[PDB]
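Asks: Can you read through this structure? Questions will come right after.
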Amino acid sequence: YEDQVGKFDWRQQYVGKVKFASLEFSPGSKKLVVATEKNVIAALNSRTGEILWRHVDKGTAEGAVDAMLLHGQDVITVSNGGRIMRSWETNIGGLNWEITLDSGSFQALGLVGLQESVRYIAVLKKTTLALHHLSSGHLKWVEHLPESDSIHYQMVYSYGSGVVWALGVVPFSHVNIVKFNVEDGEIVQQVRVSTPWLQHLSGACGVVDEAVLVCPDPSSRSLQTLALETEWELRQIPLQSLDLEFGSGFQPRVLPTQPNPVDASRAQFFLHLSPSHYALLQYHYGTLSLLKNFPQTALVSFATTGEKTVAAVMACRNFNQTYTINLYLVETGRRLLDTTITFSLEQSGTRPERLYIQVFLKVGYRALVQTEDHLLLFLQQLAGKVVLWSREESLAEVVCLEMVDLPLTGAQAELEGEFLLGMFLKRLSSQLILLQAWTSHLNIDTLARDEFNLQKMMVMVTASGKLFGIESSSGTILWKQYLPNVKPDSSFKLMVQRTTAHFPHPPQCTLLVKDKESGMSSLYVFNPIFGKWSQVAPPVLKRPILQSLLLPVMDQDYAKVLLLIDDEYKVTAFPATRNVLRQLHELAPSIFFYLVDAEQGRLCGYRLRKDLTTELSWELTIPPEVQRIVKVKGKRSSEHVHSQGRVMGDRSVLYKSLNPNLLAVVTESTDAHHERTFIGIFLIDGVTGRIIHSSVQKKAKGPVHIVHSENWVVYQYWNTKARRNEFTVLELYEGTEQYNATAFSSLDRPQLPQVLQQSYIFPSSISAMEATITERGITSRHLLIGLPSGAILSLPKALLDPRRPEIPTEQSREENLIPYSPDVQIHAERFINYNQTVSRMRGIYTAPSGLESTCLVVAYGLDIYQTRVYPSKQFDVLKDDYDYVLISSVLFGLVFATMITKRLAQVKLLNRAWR
Amino acid sequence: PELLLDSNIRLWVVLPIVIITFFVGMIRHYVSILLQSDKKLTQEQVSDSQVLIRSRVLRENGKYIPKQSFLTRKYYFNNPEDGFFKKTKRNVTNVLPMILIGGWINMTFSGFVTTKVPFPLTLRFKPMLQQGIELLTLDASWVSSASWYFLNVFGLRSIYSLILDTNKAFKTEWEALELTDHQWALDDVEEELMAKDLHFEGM
Ligand SMILES: *[C@@H]1O[C@H](CO)[C@@H](O)[C@H](O)[C@H]1NC(C)=O
Ligand SMILES: *[C@@H]1O[C@H](CO)[C@@H](O)[C@H](O)[C@H]1NC(C)=O
Ligand SMILES: *[C@@H]1O[C@H](CO)[C@@H](O)[C@H](O)[C@H]1NC(C)=O
């Protein structure tokens, strides 16, 4: 369907947050390379954010990169804690060779060449040393670290010619140095020197000139230096001849350069003394000489063109997040007159924290910044457009989202304004206004909804503390916000509290954040349309929060109430006005909380009182040694169901049990072994605490996937006795009659319904699963399945029916119940995402339109997707094929035929008269 | 009234078929005018009909004239072998252009819904009022176009008006005229007239 193919769907794809990178290909053709936290490898185009090839491997921590290296046309990657090694091509994404190593820790990696070429690469894993070939991969040789149990061998070097050095330190006793040499494998003389002042040389020091080590001793405020080739009992230079004091509580470090592993490193280098104090120095055999010192520098990089060797430096200017970047020539210190970039960030607290350089030979330079939040920028040496492109990689980990309706037109606003004689005159006035408007007639600030709204502004919140706002059609970030001091692991809940239906009253949404270490909690309230904090200040939570509900009852300003529960079992009601409080003092005893802790495996249920307190009402446990709760589900409050009954074959009726306050609980065993594994299901009422149903499915362990809709339930699992996935489905029916058909108080039903169920098989694995939705519940409901390959599948619920003939009678035949479909099938004619695959697909969101024939779908994983679905073929839109020309060529035909056969019968009749 | 429908449907599929049927019900009338023929059959039959009608009116209102005259003509008509009757011896177009068009429509405007009827209907009649839809869950008030067409047809019938053998026949007349009473029926008019007064007040 070309239209949906190109009008309403789209797919952004991200890589995450850069750890490593490598620029400066041969001239730099068009491209750069990264290697992120999310285990990805990408080959971006350095004129515009766009991808050539991803090679995402493994979410979980057995593909996490530990080093990276570019040999000028290719790359080298060391994954899985030293074990695996790969090389790629950097052109098409085409691997050329992969191998695996022994068990170790990967202390370090290097790239060695013997006298004039670079044939070999070296690996150090705290026990041994390996040396492999470049193109083949097949190992050349391994040697063993002399003692390899206390030294903590932490550094390799090779100054080009000949041989190799390996360096380790015991914390506060000494360091040992060793030399190997290629094509022997043999341990040349090793040296030992005592130095009880360092505790590491990982991020402290590095080789500078042709063997030379230099490491700092903040005690004695000096630099302990060593030629490493023709000297021991290491020398020392006191850093008092130069007014070059260290910091108080710092670990000062060293930054050398080595643009060629065949020629030695350069005799100029950098020191990081204080947070914001950097120094450039130069090393002669004994004469250290300062060329420059920078007091207000956050970041600096080295770089090298064909021959020249340069240093980029970053600085703040005075404030308003405005930074400047400059180039310096390393040999002298002389700044280069031109090449001052000045740029600025848009957010309030946000720091660069990282800088990479690419360099031309016109001489030009382009900079890459991985700023704090996760954002990425590519800056060019221009004046007017300085940001060549910007890439917002924080969306690679989304947590929870929502879809909000847009604001109103003027027409609808004044229309609401329109609504004894005052009534009549009001109506007249508004009518005359619209009239004058009609006669007269014949982006963030000018957008509003359309008929049968499909635009449905999106609000997504992110694990790094960055809120967005998107359009949901050609998704364009319209606004952003950043809320600070957010750990990696927290817990969010996103509540909508007033929408765009009351013109003068502005919308608002609400956000609850946990901290996960102290239990503290924070409440941030805002307006999802423009991205702004609201004027009303939220109350200050003292205690760790546990849970919250939304309670659609309103206040005199059309706002829901958002009850929150403390840890000392006390309630807080956010819009705490007098009106709401009297409403509550009236209707409190029809409000119940349910809480669940998986640690000890216990459930509890409380209720309110006239005042805001809680009296324990029901309580329930589960033994945590044979059952471990996995997840808990409850019906979406924002659904409406059409039919209370299912017409039977012979014009009879089977009524269905809904129970809004129901909830499903899923458990799995502890004694995991594929003969005695089992999965447990419980169906509970939230109010009383009585189990409707309590089921067990044996020989099944796997990660489960569940859906609990209006009166049906579905769960997917994995059978270890035929090594295959499976589906299981439940339905609840009370009977043939209705019991208080108008009220459904859950304190009045003795009789428990009859469960039907069934179990099918499925040919593949699963990721996030969801169900469609639309208000009024009319149209058929589908199941959206996320396969591992990234494709999505729409499955009709009516295919999963426990009441299926199973060698039909004639009733089932009439009821057209399609007996017991074997091996529920998979054909690629119902895949939404034809070539728009989503990689990880941790989740799916489904939202309702206003047209009742469409659902709005959003798939979130490592890469977003968005589209519309049509379960029943769009019965309320005209045909999307209409011929408007035939119909305007017909009416005129008839009108002229009518005039014709009017003037053509009057005449024949008159002539009949005067024959 | 729970659904929200495209207004383009109103524009481009509803009014066309409250128009088409109107102009076709007009054209049917005008063409029927242009179609009908009229024979010039014969002098004999027309004369015979005329005299039969004279007989009819004789039997009907031959009671305002002298008796002897009525009996004289009755004799000139009944008298054996002189009596005149004893000497002389010798839908589809409607329905079809309405049923052929519903088919065209339901072949053209098929895959969607048109409108709602405000009175609840019976369920068994659903599968033929919608005819494109694959919900089998809606109430049947929500219809297709064809039903709107047929409703219009039946509703606009009444609103065009507002804007616009020989010998045996002879013998049967004779037999029905044999039994006949003159009943002169004028024999008190004098008194009745001069009973209250003369009435005229418009001079
Ligand atoms: C902050 O930076 C923006 C960047 O365009 C600039 O327009 C604005 O003037 C700056 N703020 C101040 C106070 O100068
Ligand atoms: C139905 O429930 C309502 C509310 O609980 C109650 O007022 C009514 O009496 C009940 N009627 C029946 C027949 O159960
Ligand atoms: C996706 O595949 C379809 C055909 O399978 C093709 O027409 C379309 O161009 C593809 N999209 C991309 C972005 O390659």
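Residues are referred to by chain and number: the chain letter is A, B, ... according to the order shown in the structure tokens, the number counts from 1 in that chain, and ligands are numbered separately from 1 in the order shown.
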Which residues form the shell of 10 Å around ligand 3 when you count only C-alpha atoms and all ligand atoms, given as number ranges by chain?

Replies: A: 2, 5, 11, 833-837

Asks: Compute the set of protein, DNA and RNA residues whose minimum atom distance to ligand 1 is at most 10 Å, using only C-alpha atoms and all ligand atoms, and state it as number ranges by chain.

Replies: A: 319-322, 343-347

Asks: Can you check which residues of chain A have any atom within 7 Å of chain B? Use only C-alpha atoms and format it as a PyMOL selection string.

Replies: chain A and resi 778-779+851+872+875-879+894+898+901-902+905

Asks: Could I get the residue neighbourhood of ligand 2 at 12 Å, counting only C-alpha atoms and all ligand atoms, as a VMD selection string?

Replies: chain A and resid 590 738 to 749

Asks: Create the file for the chosen residues now, containing N, CA, C and O atoms and written as a short mmCIF file (atom, residue, chain, number, x, y, z; two decimals), in the first residue's frame.

Replies:
```cif
data_model
loop_
_atom_site.label_atom_id
_atom_site.label_comp_id
_atom_site.auth_asym_id
_atom_site.auth_seq_id
_atom_site.Cartn_x
_atom_site.Cartn_y
_atom_site.Cartn_z
N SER A 590 -14.83 3.35 48.68
CA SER A 590 -14.90 2.63 47.41
C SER A 590 -13.60 2.81 46.63
O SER A 590 -13.60 2.91 45.41
N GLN A 738 -28.03 -12.94 33.67
CA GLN A 738 -27.32 -11.77 34.16
C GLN A 738 -27.62 -11.57 35.63
O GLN A 738 -28.77 -11.71 36.06
N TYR A 739 -26.59 -11.23 36.38
CA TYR A 739 -26.66 -11.05 37.82
C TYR A 739 -26.40 -9.57 38.12
O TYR A 739 -25.26 -9.12 38.03
N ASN A 740 -27.45 -8.84 38.48
CA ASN A 740 -27.38 -7.40 38.69
C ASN A 740 -26.69 -6.72 37.51
O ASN A 740 -25.62 -6.13 37.62
N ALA A 741 -27.33 -6.85 36.35
CA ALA A 741 -26.74 -6.40 35.09
C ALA A 741 -26.34 -4.94 35.08
O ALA A 741 -25.61 -4.53 34.17
N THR A 742 -26.80 -4.12 36.04
CA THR A 742 -26.56 -2.69 35.99
C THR A 742 -25.40 -2.19 36.86
O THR A 742 -24.88 -1.11 36.57
N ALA A 743 -24.97 -2.93 37.89
CA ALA A 743 -24.07 -2.35 38.89
C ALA A 743 -22.69 -2.99 38.96
O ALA A 743 -21.69 -2.28 38.87
N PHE A 744 -22.61 -4.31 39.10
CA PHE A 744 -21.33 -5.00 39.32
C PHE A 744 -20.54 -4.42 40.49
O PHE A 744 -19.48 -3.82 40.32
N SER A 745 -21.10 -4.53 41.69
CA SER A 745 -20.27 -4.39 42.88
C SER A 745 -19.58 -5.71 43.17
O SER A 745 -20.22 -6.76 43.21
N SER A 746 -18.26 -5.66 43.37
CA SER A 746 -17.46 -6.86 43.58
C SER A 746 -17.59 -7.43 44.98
O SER A 746 -16.93 -8.43 45.28
N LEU A 747 -18.39 -6.82 45.84
CA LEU A 747 -18.66 -7.34 47.18
C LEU A 747 -19.96 -8.12 47.22
O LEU A 747 -20.50 -8.36 48.31
N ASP A 748 -20.47 -8.54 46.06
CA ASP A 748 -21.78 -9.16 45.95
C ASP A 748 -21.80 -10.42 45.11
O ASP A 748 -22.82 -11.12 45.13
N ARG A 749 -20.75 -10.73 44.35
CA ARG A 749 -20.74 -11.94 43.53
C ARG A 749 -20.23 -13.14 44.31
O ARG A 749 -19.01 -13.28 44.48
#
```

Asks: What's around range 164-176 of chain A at 9 Å? Count only C-alpha atoms, leave out sequence neighbours fewer than 4 positions away in its own chain, and write the answer as a PyMOL selection string.

Replies: chain A and resi 112+124+129+145+150-160+180-182+190-201

Asks: Since we have the selection now, will you write its residues out, keeping C-alpha atoms, as a PDB file, in the first residue's frame?

Replies:
```pdb
ATOM      1  CA  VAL A 112      53.430  -3.526  16.654  1.00  0.00           C
ATOM      2  CA  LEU A 124      48.124  -8.443  27.201  1.00  0.00           C
ATOM      3  CA  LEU A 129      51.215 -12.009  26.087  1.00  0.00           C
ATOM      4  CA  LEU A 145      54.547 -13.227  32.052  1.00  0.00           C
ATOM      5  CA  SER A 150      51.059 -10.075  41.627  1.00  0.00           C
ATOM      6  CA  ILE A 151      52.541  -7.684  39.059  1.00  0.00           C
ATOM      7  CA  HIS A 152      49.332  -6.515  37.322  1.00  0.00           C
ATOM      8  CA  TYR A 153      51.008  -6.046  33.946  1.00  0.00           C
ATOM      9  CA  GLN A 154      49.302  -2.892  32.718  1.00  0.00           C
ATOM     10  CA  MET A 155      51.076  -1.529  29.638  1.00  0.00           C
ATOM     11  CA  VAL A 156      52.742  -2.452  26.344  1.00  0.00           C
ATOM     12  CA  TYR A 157      54.970  -0.288  24.185  1.00  0.00           C
ATOM     13  CA  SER A 158      57.040  -0.665  21.026  1.00  0.00           C
ATOM     14  CA  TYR A 159      59.028   2.302  19.727  1.00  0.00           C
ATOM     15  CA  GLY A 160      59.010   0.962  16.197  1.00  0.00           C
ATOM     16  CA  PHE A 180      60.539  -9.351  24.286  1.00  0.00           C
ATOM     17  CA  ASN A 181      61.661  -9.418  20.664  1.00  0.00           C
ATOM     18  CA  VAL A 182      59.802 -10.619  17.599  1.00  0.00           C
ATOM     19  CA  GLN A 190      63.709  -7.729  32.986  1.00  0.00           C
ATOM     20  CA  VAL A 191      64.248  -4.828  35.394  1.00  0.00           C
ATOM     21  CA  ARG A 192      62.685  -4.068  38.777  1.00  0.00           C
ATOM     22  CA  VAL A 193      62.543  -0.743  40.628  1.00  0.00           C
ATOM     23  CA  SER A 194      60.861   0.185  43.907  1.00  0.00           C
ATOM     24  CA  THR A 195      58.425   3.120  43.873  1.00  0.00           C
ATOM     25  CA  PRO A 196      55.934   3.199  46.803  1.00  0.00           C
ATOM     26  CA  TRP A 197      54.055   6.318  45.674  1.00  0.00           C
ATOM     27  CA  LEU A 198      51.918   5.526  42.580  1.00  0.00           C
ATOM     28  CA  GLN A 199      49.466   2.577  43.043  1.00  0.00           C
ATOM     29  CA  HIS A 200      48.941   2.336  39.250  1.00  0.00           C
ATOM     30  CA  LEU A 201      50.214   3.385  35.847  1.00  0.00           C
TER      31      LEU A 201
END
```

Asks: Would you mind listing what lies within 7 Å of residue 628 in chain A as JSON, numbers by chain, with only C-alpha atoms counted and same-chain residues fewer than 4 positions away left out?

Replies: {"A": [598, 624, 667, 668, 669]}

Asks: Restricted to N, CA, C and O atoms, what would the selected residues look like written as an mmCIF file, in the first residue's frame?

Replies:
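Once everything was written out, this is selection.cif:
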```
data_model
loop_
_atom_site.group_PDB
_atom_site.id
_atom_site.type_symbol
_atom_site.label_atom_id
_atom_site.label_comp_id
_atom_site.auth_asym_id
_atom_site.auth_seq_id
_atom_site.Cartn_x
_atom_site.Cartn_y
_atom_site.Cartn_z
ATOM 1 N N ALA A 598 7.922 -8.979 45.518
ATOM 2 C CA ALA A 598 8.444 -10.249 45.036
ATOM 3 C C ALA A 598 9.551 -10.817 45.908
ATOM 4 O O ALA A 598 9.841 -12.014 45.809
ATOM 5 N N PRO A 624 8.396 -18.047 48.530
ATOM 6 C CA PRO A 624 9.413 -17.599 47.574
ATOM 7 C C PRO A 624 10.467 -18.633 47.210
ATOM 8 O O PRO A 624 11.447 -18.271 46.555
ATOM 9 N N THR A 667 3.978 -16.596 37.749
ATOM 10 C CA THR A 667 5.089 -17.044 38.564
ATOM 11 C C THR A 667 5.848 -18.128 37.825
ATOM 12 O O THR A 667 5.310 -18.807 36.949
ATOM 13 N N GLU A 668 7.096 -18.317 38.232
ATOM 14 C CA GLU A 668 7.895 -19.416 37.732
ATOM 15 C C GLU A 668 8.749 -19.961 38.862
ATOM 16 O O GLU A 668 8.920 -19.332 39.910
ATOM 17 N N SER A 669 9.279 -21.154 38.627
ATOM 18 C CA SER A 669 9.849 -21.966 39.681
ATOM 19 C C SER A 669 11.233 -21.469 40.078
ATOM 20 O O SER A 669 11.771 -20.505 39.529
#
```

Asks: Determine which residues of range 142-347 of chain A receive a DSSP assignment of strand (DSSP E), computed from the backbone, and state them as a PyMOL selection string.

Replies: chain A and resi 142-144+153-157+163-170+174-181+188-194+213-217+222-226+235-238+253-255+268-274+277-283+288-294+300-304+309-316+322-329+335-344

Asks: As a VMD selection string, which residues of range 13-202 of chain B does DSSP assign to alpha helix (DSSP H)?

Replies: chain B and resid 15 to 35 43 to 61 67 to 78 92 to 108 145 to 155 166 to 178 189 to 193

Asks: Show me, as JSON lines, the residues of range 598-664 of chain A having an atom within 12 Å of range 700-712 of chain A, each with the closest atom pair and its distance in Å, using only C-alpha atoms.

Replies:
```
{"residue": "A:627", "atom": "CA", "partner": "A:701", "partner_atom": "CA", "distance": 11.7}
{"residue": "A:628", "atom": "CA", "partner": "A:701", "partner_atom": "CA", "distance": 11.7}
{"residue": "A:629", "atom": "CA", "partner": "A:704", "partner_atom": "CA", "distance": 11.5}
{"residue": "A:630", "atom": "CA", "partner": "A:704", "partner_atom": "CA", "distance": 8.5}
{"residue": "A:631", "atom": "CA", "partner": "A:706", "partner_atom": "CA", "distance": 9.0}
{"residue": "A:632", "atom": "CA", "partner": "A:706", "partner_atom": "CA", "distance": 9.3}
{"residue": "A:633", "atom": "CA", "partner": "A:708", "partner_atom": "CA", "distance": 6.7}
{"residue": "A:634", "atom": "CA", "partner": "A:708", "partner_atom": "CA", "distance": 6.7}
{"residue": "A:635", "atom": "CA", "partner": "A:709", "partner_atom": "CA", "distance": 6.1}
{"residue": "A:636", "atom": "CA", "partner": "A:709", "partner_atom": "CA", "distance": 8.0}
{"residue": "A:637", "atom": "CA", "partner": "A:710", "partner_atom": "CA", "distance": 10.4}
{"residue": "A:638", "atom": "CA", "partner": "A:710", "partner_atom": "CA", "distance": 11.3}
{"residue": "A:639", "atom": "CA", "partner": "A:710", "partner_atom": "CA", "distance": 8.4}
{"residue": "A:640", "atom": "CA", "partner": "A:710", "partner_atom": "CA", "distance": 8.8}
{"residue": "A:641", "atom": "CA", "partner": "A:710", "partner_atom": "CA", "distance": 7.4}
{"residue": "A:642", "atom": "CA", "partner": "A:710", "partner_atom": "CA", "distance": 10.5}
{"residue": "A:643", "atom": "CA", "partner": "A:710", "partner_atom": "CA", "distance": 10.8}
{"residue": "A:644", "atom": "CA", "partner": "A:711", "partner_atom": "CA", "distance": 10.1}
{"residue": "A:645", "atom": "CA", "partner": "A:711", "partner_atom": "CA", "distance": 10.9}
{"residue": "A:646", "atom": "CA", "partner": "A:711", "partner_atom": "CA", "distance": 11.8}
{"residue": "A:655", "atom": "CA", "partner": "A:711", "partner_atom": "CA", "distance": 10.8}
{"residue": "A:656", "atom": "CA", "partner": "A:711", "partner_atom": "CA", "distance": 7.1}
{"residue": "A:657", "atom": "CA", "partner": "A:711", "partner_atom": "CA", "distance": 6.5}
{"residue": "A:658", "atom": "CA", "partner": "A:711", "partner_atom": "CA", "distance": 5.3}
{"residue": "A:659", "atom": "CA", "partner": "A:711", "partner_atom": "CA", "distance": 8.0}
{"residue": "A:660", "atom": "CA", "partner": "A:710", "partner_atom": "CA", "distance": 8.0}
{"residue": "A:661", "atom": "CA", "partner": "A:710", "partner_atom": "CA", "distance": 10.9}
{"residue": "A:662", "atom": "CA", "partner": "A:708", "partner_atom": "CA", "distance": 9.4}
{"residue": "A:663", "atom": "CA", "partner": "A:708", "partner_atom": "CA", "distance": 7.9}
{"residue": "A:664", "atom": "CA", "partner": "A:708", "partner_atom": "CA", "distance": 7.2}
```

Asks: Just how far from CA of residue 396 in chain A is CA of residue 374 in chain A, in Å to one decimal?

Replies: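 Atom-to-atom, CA of residue 374 in chain A and CA of residue 396 in chain A are spaced 9.8 Å apart.
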
Asks: If we count only C-alpha atoms, what is near residue 29 in chain A at a cut-off of 10 Å, once residues fewer than 3 positions away on the same chain are taken out, given as an NGL selection string?

Replies: :A and (24-26 or 32 or 45-46 or 91)

Asks: Could you name the residues that touch residue 696 in chain A at 7 Å or less, counting only C-alpha atoms, but leaving out those on the same chain fewer than 3 positions away, as an mmCIF file with N, CA, C and O atoms, in the first residue's frame?

Replies:
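Saved to result_24.cif:
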```cif
data_model
loop_
_atom_site.group_PDB
_atom_site.id
_atom_site.type_symbol
_atom_site.label_atom_id
_atom_site.label_comp_id
_atom_site.auth_asym_id
_atom_site.auth_seq_id
_atom_site.Cartn_x
_atom_site.Cartn_y
_atom_site.Cartn_z
ATOM 1 N N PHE A 678 7.957 -25.539 36.107
ATOM 2 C CA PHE A 678 6.539 -25.261 36.011
ATOM 3 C C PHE A 678 6.312 -23.765 36.083
ATOM 4 O O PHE A 678 7.093 -23.029 36.689
ATOM 5 N N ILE A 679 5.231 -23.327 35.449
ATOM 6 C CA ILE A 679 4.822 -21.934 35.430
ATOM 7 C C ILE A 679 3.433 -21.847 36.035
ATOM 8 O O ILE A 679 2.558 -22.663 35.731
ATOM 9 N N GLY A 680 3.236 -20.843 36.879
ATOM 10 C CA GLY A 680 2.015 -20.706 37.639
ATOM 11 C C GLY A 680 1.259 -19.461 37.231
ATOM 12 O O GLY A 680 1.855 -18.425 36.932
ATOM 13 N N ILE A 681 -0.062 -19.566 37.255
ATOM 14 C CA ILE A 681 -0.951 -18.455 36.964
ATOM 15 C C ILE A 681 -1.944 -18.349 38.102
ATOM 16 O O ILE A 681 -2.411 -19.365 38.627
#
```

Asks: So which residues touch range 78-94 of chain B within 7 Å, counting only C-alpha atoms, skipping near sequence neighbours fewer than 5 positions away, as a VMD selection string?

Replies: chain B and resid 167 170 to 171 174

Asks: What separation in Å, quoted to one decimal, exists between CA of residue 505 in chain A and CA of residue 407 in chain A?

Replies: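 So the answer is 11.2 Å.
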
Asks: Just to confirm, what's the straight-line distance from CA of residue 427 in chain A to CA of residue 502 in chain A in Å (one decimal)?

Replies: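 Separation of CA of residue 427 in chain A and CA of residue 502 in chain A: 19.0 Å.
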